[PDB]
Each structure stands twice: as C-alpha cells, then as structure tokens.
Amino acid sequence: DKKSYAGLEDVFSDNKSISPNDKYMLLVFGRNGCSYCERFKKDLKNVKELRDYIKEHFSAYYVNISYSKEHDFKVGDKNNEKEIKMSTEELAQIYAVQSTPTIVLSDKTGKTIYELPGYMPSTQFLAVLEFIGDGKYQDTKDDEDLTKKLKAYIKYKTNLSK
C-alpha cells in the first residue's frame, strides 16, 4: 500500500509503472518497521533542498518489500526498450536487495549508475544525487574512478555545510 510513504506522494510516483521517463531514476527499497527507512523518509520530508532536488531531477519510486505487488518495469535505449511485468520479489532480486533501505540510482535509460545499501544522512545523500543528477558521473573512467570522484565530491559538500 501507498501508506508506506504517506505525505511523500509529491516525490514518489506510483510504482505500478517503473521507468526513468526522460529523468534519472531513483529506486528506494524499504520495508515496514525498519528504523532506517523511517529516518530516510523524514529527511525526504524535512530537508527542502533534498526534496526539491529529487523532484527536479529524478523519477522516484518507493518499493515496500513487506508486500507483493506487480510492477511494469520499463528500461532501455530510445531505440530499444523492454517493459516487463514483474513482482516486488523479482524486482528486489534483480537489484540483489538484502538490507534496507537500498537506494538505486540509474540513468535516463535505466542503466544502473550507483547503489547505496543503507541510510545516509541528508548532506551526504544530496551530494550523491547531485553527482548523478548534474551528470558528473560521466567524467569518469571506471567504477574505481567514479567511486573516488564520488567520495571526493561528498567530502567537499560536507565542508560546504559550515
């Protein structure tokens, strides 16, 4: 049920239909009773810079693995895209979800750029979204390079909140 993220319907689109829609994609996997999922949602609610940025740059979906829905999952290139109807369990599985909240950030074709498996405080989390949303991930050479550049960028944004 959508009561999972009551009050955040301005951020999360209905997860019956999951795709980037000419935006970066943000997938949040959560569940009932997880204190980290609860803190993550308060940050989305109460940090305006975060809330605005997500709404500006991402198609965001909240998948509660406490339940089992079906999802039309549409990803891929302009010329060739695949739409598959799959269950909550099948969706979680393709992203190897094993803790909550797991956050998946993907490009406009639904190719995974980065995955975070845990709650991150809002200052750092916003820096991760910016790196992706402003396209800075593109100026990298591999996974080792993207990670170093990401970790550098988070530190800089951390210094910036003083």
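Don't overthink the numbering: it's just position in the shown sequence, from 1.
- Look at the mean CA B-factor for 133-141 and for 101-109 in the entry; the higher one is 133-141.
- In this crystal structure, the stretch out of 152-160 and 4-12 whose C-alpha atoms carry the higher mean B factor is 152-160.
- When the modelled residues of the chain are ordered by C-alpha B-factor, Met25 sits in the lowest third.
- In the PDB entry, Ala96 places in the middle third of its chain by CA B-factor.
- Remark: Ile54 belongs to the lowest third of its chain, ranked by C-alpha B-factor as recorded.
- Per the deposited record, the Cα B-factor of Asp43 falls in the lowest third when ranked against the other modelled residues of its chain.
- Looking at the C-alpha B-factors along this chain, the one for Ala60 belongs to the lowest third.
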